[PDB]
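Given as structure tokens, the chain that follows is alone and in the form deposited in one PDB entry.
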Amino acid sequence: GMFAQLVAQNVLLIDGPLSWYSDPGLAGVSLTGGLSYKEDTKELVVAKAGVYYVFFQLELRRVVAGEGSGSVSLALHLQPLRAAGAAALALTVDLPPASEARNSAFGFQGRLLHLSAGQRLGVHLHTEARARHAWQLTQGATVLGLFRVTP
């Protein structure tokens, strides 16, 4: 087929681009057909042009008790810019206040995107820092995926 799924390496909440596990021996990871990962630029590279369902998942875990609040965002950016500062897919998850047993936070978003040949997909993580040491990415749960819909 024509699909891919990547699992984020990052655990700490640092403003900047996410790195991705891209080896299909890893669980939760797939690359098939004309899809590949540039380790240097941290980009998912699409070989054949078409319409894809693209989704990303974001899960956070409280790691210091009774501490940490704020907001965390993911933003998918295309390259080449298929306008200015175009965010093809964007997800914000609110971190509940420091309370009775709300130690996790989930986000899922999906849509159909038209993607060109050689289109590069990268994901920027932004965090509204409020004790960003008290929260961390849940490992094996921040996922970027896509599969081709166009036959």
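We call the rigid core whatever largest set of C-alpha positions still superposes within 1.5 Å between the two forms. From 1 onward, residues are counted along the sequence shown.
Below, we turn to the form deposited in another entry, even though it does not appear here.
Comparing C-alpha positions between this form and the one not shown after a rigid core fit, one residue in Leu91, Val29, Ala105, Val63 moves 2 angstroms or more. It is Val29. Cα-Cα spacing of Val7 to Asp23 is reduced in that other deposited form versus the present form (difference of at least 3 Å). Between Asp23 and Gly110, the C-alpha separation shrinks by 3 Å or more in that other deposited form, relative to the conformation displayed.
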